[PDB]
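From first to last, the protein sequence lines are chains P, G, W, Y, H, L and S.
Heads up: the first sequence runs through residues 1 to 106, numbered per the deposited numbering.
Heads up: the second sequence runs through residues 540 to 686, numbered per the deposited numbering.
Heads up: the third sequence runs through residues 638 to 686, numbered per the deposited numbering.
Heads up: the fourth sequence runs through residues 393 to 464, 503 to 588, numbered per the deposited numbering.
Heads up: the fifth sequence runs through residues 1 to 128, numbered per the deposited numbering.
Heads up: the sixth sequence runs through residues 115 to 147, numbered per the deposited numbering.
Heads up: the seventh sequence runs through residues 115 to 147, numbered per the deposited numbering.
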Amino acid sequence: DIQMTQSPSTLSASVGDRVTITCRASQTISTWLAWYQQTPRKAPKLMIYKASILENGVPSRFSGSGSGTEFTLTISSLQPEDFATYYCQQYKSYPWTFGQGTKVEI
Amino acid sequence: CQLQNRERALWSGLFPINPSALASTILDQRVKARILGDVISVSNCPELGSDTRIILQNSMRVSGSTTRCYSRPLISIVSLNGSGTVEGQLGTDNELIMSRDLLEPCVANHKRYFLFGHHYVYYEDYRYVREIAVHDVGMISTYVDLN
Amino acid sequence: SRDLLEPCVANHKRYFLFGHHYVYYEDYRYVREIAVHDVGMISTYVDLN
Amino acid sequence: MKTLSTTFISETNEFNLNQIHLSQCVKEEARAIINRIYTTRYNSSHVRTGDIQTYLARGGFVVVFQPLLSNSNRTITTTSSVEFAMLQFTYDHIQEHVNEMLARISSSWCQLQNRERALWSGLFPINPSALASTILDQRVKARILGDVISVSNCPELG
Amino acid sequence: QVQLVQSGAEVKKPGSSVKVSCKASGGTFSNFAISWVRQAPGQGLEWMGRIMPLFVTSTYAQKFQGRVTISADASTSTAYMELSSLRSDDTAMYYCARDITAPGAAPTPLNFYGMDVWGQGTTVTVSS
Amino acid sequence: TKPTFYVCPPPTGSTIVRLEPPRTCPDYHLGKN
Amino acid sequence: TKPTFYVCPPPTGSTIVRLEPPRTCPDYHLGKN
């Protein structure tokens with residue numbers, strides 16, 4: 001809940017790998033987690049809300065799962081536009097404290 | 540054959556009470572039905588597409604009035620293409636009415652659970668209180684087994 | 638007897654069974670009729686062959 | 393073989409009649425017999441699907457089988511009874527028919543239950559306590575709290 | 001589509017305000033719940049309060065509740081995020097996020113479909 | 115998964131239907147002399 | 115015998131239930147090549 005942990009900092013990979021960006025929670029977020037993506041010279045952008053639902057304009061190679069305190073962002077068929085920072089977002093009770101790191105995949 | 544011919548009487552006697560549910564079950568497809576005397580007029584219900592944000596309102600009370608209140612939660616269908624904002628209310632079985640014509644005399648000690656997608660949103664005294672996932676509510680089964 | 642009355646609704650459309658026909662009344666007046674065998678059917682019957 | 397009421401059970405492998413002494417007859421004799429049968433019965437309805445195949449059935453028989461398709503060293507010892515093969519045919523027939531009928535009963539039962547669920551769901555508003563007492567096999571008092579049902583047990587008057 | 005823009009490259013000394021604006025483009029601004037996030041160079045991200053339609057309350061975060069004030073117009077389609085503290089820790093890239101909502105909505109996480117559209121980034125520096 | 119909502123426009127007399135009448139049941143003549 | 119009467123106290127929201135959704139029906143793959 002109010003404080004969330006993340007995955008290791010880098011998780012290096014190549015084009016075509018299945019990478020999981022697992023981040024965890026504190027007080028059983030009941031499927032109320034959002035995932036983002038911020039390249040080094042952009043603004044973050046919505047990837048997953050409700051821990052499983054994709055946003056309009058996001059390729060269906062992205063996935064998400066987990067229900068309580070354990071949420072994963074498993075990518076498959078990693079096209080060469082996945083080399084960005086990712087963030088877990090908690091919306092169950094204010095404040096909406098952001099989560100993950102996962103700087104870059106190179 | 541005898542059992543089917545008898546259950547036809549229950550089906551015929553229950554259509555006036557809920558025509559849309561029975562017609563959706565019989566037709567294996569979501570429809571909206573009316574009883575036009577001795578016949579049934581059906582109409583297909585197209586599913587709400589994407590680029591559509593359904594917002595759930597906090598209070599079920601009519602503005603200003605205190606002796607009158609709504610029966611089902613009100614929703615605001617916010618648009619993304621800039622087509623404005625539709626305002627209806629939450630029907631049954633995730634049906635989104637495009638109007639707010641379901642009113643009721645404002646009862647005392649009000650407690651209701653409404654189906655909003657995969658959750659049962661709870662309204663106590665005409666105000667949002669909490670929500671619970673559908674998979675968490677206990678079930679009773681009308682199904683008889685034949686293994 | 639004629640003891641089935643109702644508040645006179647607006648935009649009235651009803652079909653009534655008169656023998657082998659569905660006589661149609663629109664705004665509380667006779668309009669047309671259609672045979673029963675012409676109206677589409679839905680079946681509550683489950684098959685067991 | 394529905395005309396004989398006999399079912400033979402081979403392996404998936406072919407049988408090489410060269411492992412058997414003095415088996416030069418079978419190939420050509422069966423070719424002639426099968427050609428006559430085809431030309432007299434299936435000349436226009438079906439078409440052949442390769443050369444004749446030889447299988448060693450169970451109990452010591454040799455089936456020379458010609459596959460059709462519609463227009464759309504040792505010795506072999508044979509038992510003195512084909513009662514086991516008639517038993518096999520009869521069991522296969524009864525088993526297949528009864529299994530088809532059981533499958534149909536099951537599918538219809540599932541469809542009927544899924545349909546009666548609509549009557550149950552549409553009649554709960556009218557009388558929740560009676561339907562909830564029937565479903566729960568126990569006397570209860572139920573209310574419709576919107577889209578859910580809140581039950582409560584009714585203790586018997588002592 | 002919708003576009004949100006901040007002030008731009010800002011340099012402010014410690015002991016003043018910043019007053020970052022956030023101009024919108026469409027969406028009628030009656031369906032905008034403007035949130036504000038930030039992260040210093042080398043930090044992940046943070047959250048700095050949400051101002052919901054009929055913009056009068058502007059619930060703030062835990063750490064900036066005594067510092068920041070956020071407001072909107074509903075007629076200009078803008079959102080302001082003055083701090084007025086600048087404790088020398090206010091050196092980040094302030095963003096102007098936005099979630100879709102409606103006035104009178106319920107305080108439920110079923111009405112949160114994520115911060116779909118965002119701003120540009122301010123890159124504010126507090127030092128002399 | 116993602117919840118699906120519906121929108122039911124008001125019906126029109128165009129498509130009218132009825133319940134099918136009860137089907138007759140076959141008499142099985144199982145029995146020999 | 116002796117008639118048994120009941121006493122039904124007013125329910126409470128504690129125990130709420132719902133009708134189970136319709137069960138899927140098994141596809142019987144009876145049939146051979």
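C-beta: ideal position from N, C-alpha, C; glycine also.
* Using a beta-carbon distance below 9 Å, is W/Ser638 in contact with chain G? -> By the rule that beta-carbons nearer than 9 Å mark a contact, W/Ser638 does not touch chain G.
* 6 Å Cβ shell around G/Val673 - same chain, five flanking residues per side excluded -> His657
* **Y/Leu460 versus Y/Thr441: straight-line alpha-carbon distance, rounded** => 5 Å
* To do: Look up G/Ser615 in the DSSP assignment and say whether it is helix, strand or coil.
  => Correct three-state label for G/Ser615: strand.
* Asked: So what does DSSP say about H/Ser35, is it helix, strand or coil?
  -> strand
* **First and last residue of the uninterrupted alpha helix (DSSP H) at G/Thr564** => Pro558 to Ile565
* Asked: Looking at the C-beta of S/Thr129, does it have a partner C-beta in chain Y at a distance below 9 Å?
  -> yes
* **Classification of Y/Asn557 by the beta-carbon crowding that lies within 10 angstroms, buried from 16 upward** => By the 10 Å Cβ count, Y/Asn557 comes out exposed.
* What do you get for G/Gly623, buried or exposed, if any count of 16 or more other CB atoms within 10 angstroms of its CB means buried? -> Note on G/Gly623: under 16 other CB atoms within 10 angstroms of its CB, so exposed under the neighbour-count rule.
* Could you list which residues in chain S have their beta carbon closer than 9 Å to that of Y/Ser462, in chain order? => In chain order: nothing, as chain S lies at least about 15 Å away.
* In angstroms with no decimal places, state the Cα-to-Cα distance between P/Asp17 and H/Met115. => 28 Å
* Asked: Which full runs of the beta strand (DSSP E) of 3+ residues lie inside the region 35 to 97 of chain P, going along the chain?
  -> 88 to 90
* Asked: DSSP beta-bridge partners for Y/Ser415?
  -> Beta-bridge pairing links Y/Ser415 to no other residue.
* Asked: What residues in the region 640 to 662 of chain G bring their beta carbon closer than 7 Å to a beta carbon of chain L?
  -> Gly656 and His657
* To do: Any chance you could list the beta strand (DSSP E) runs of at least 3 consecutive residues sitting entirely within the region 591 to 652 of chain G, in chain order?
  => 591 to 595, 607 to 609, 613 to 618, 624 to 629 and 642 to 644
* Asked: List, in order along the chain, the chain Y residues whose C-beta lies closer than 7 Å to that of G/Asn557?
  -> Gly552
* In the region 97 to 114 of chain H, which residues sit with their C-beta less than 9 Å from some C-beta in chain G, listed in chain order? -> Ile100, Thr101, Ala102, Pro103, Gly104, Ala105, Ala106, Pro107, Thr108, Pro109, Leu110, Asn111 and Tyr113
* To do: Pull up the CB-CB distance for H/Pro53 and H/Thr101, whole angstroms please, since I reckon it's below 8 Å.
  => 6 Å
* Asked: Using a C-beta cutoff of 9 Å, does S/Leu144 count as contacting chain G?
  -> no
* Give a yes or no on whether the minimum CB-CB distance between Y/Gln416 and chain G is below 9 Å. => False, the Cβ-Cβ gap to chain G never drops below 9 Å.
* Would you mind giving the Cβ-Cβ distance between G/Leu542 and Y/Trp539, rounded to the nearest angstrom? I have them listed as a contact below 8 Å. => Not really, about 11 Å apart at Cβ, beyond 8 Å.
* **Below-9 Å beta-carbon distance, Y/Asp577 vs any chain S residue** => Chain S contact via Cβ: present.
* Verify whether the separation of the beta carbon atoms of H/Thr91 and H/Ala40 is less than 9 Å. => yes
* Going by Cα to Cα distance, which pick from P/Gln3, P/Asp1 and P/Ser9 is closest to P/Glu105? -> Of the listed residues, the one whose Cα sits closest to P/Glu105 is P/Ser9.
* Take every Cβ of the region 523 to 536 of chain Y, pair it with every Cβ of the region 431 to 451 of chain Y, and state whether three or more of those distances are shorter than 8 Å. => Counting C-beta pairs with one atom in each stretch, the region 523 to 536 of chain Y and the region 431 to 451 of chain Y have fewer than three that are closer than 8 Å, which means they do not touch.
* **Selection of the region 580 to 604 of chain G by Cβ proximity to chain H, strictly under 9 Å** => Within the region 580 to 604 of chain G, the qualifying residues are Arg592, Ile593, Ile594, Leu595, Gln596, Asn597 and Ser598.
* Excluding the five sequence neighbours on either side, which residues of its own chain have a C-beta within less than 8 Å of the C-beta of H/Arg38, listed in chain order? -> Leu45, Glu46, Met48, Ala92, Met93, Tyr94 and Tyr95
* To do: Tell me whether P/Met47 counts as near the ligand FAD, meaning its Cβ is closer than 8 Å to at least one heavy atom of that ligand.
  => Within the structure as shown, the ligand FAD is missing, as the structure has no ligands at all.
* Output yes if chain H places a C-beta closer than 9 Å to the C-beta of G/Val617; else output no. => A Cβ of chain H is located within less than 9 Å of the beta carbon of G/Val617.
* Could you list which residues in chain Y have their beta carbon closer than 9 Å to that of S/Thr115, in chain order? => Near S/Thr115 there are no residues of chain Y at all, since even the closest Cβ is about 14 Å away, more than 9 Å.
* To do: Report the residue from G/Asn620, G/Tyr665, G/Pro585 and G/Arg569 whose alpha carbon sits nearest the alpha carbon of G/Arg611.
  => G/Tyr665
* For W/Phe655, does the count of other Cβ atoms within 10 angstroms reach 16, so buried, or fall short, so exposed? -> exposed
* Can you name the start and end residues of the beta strand (DSSP E) that W/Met678 belongs to? -> From DSSP, the beta strand (DSSP E) with W/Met678 extends over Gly677 to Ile679.
* Asked: Of the choices G/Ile616, G/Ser559 and G/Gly576, whose alpha-carbon is the least far from that of G/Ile593?
  -> The shortest Cα separation from G/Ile593 among G/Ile616, G/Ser559 and G/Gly576 belongs to G/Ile616.
* Asked: In chain Y, what lies closer than 7 Å to W/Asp684 by C-beta?
  -> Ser538
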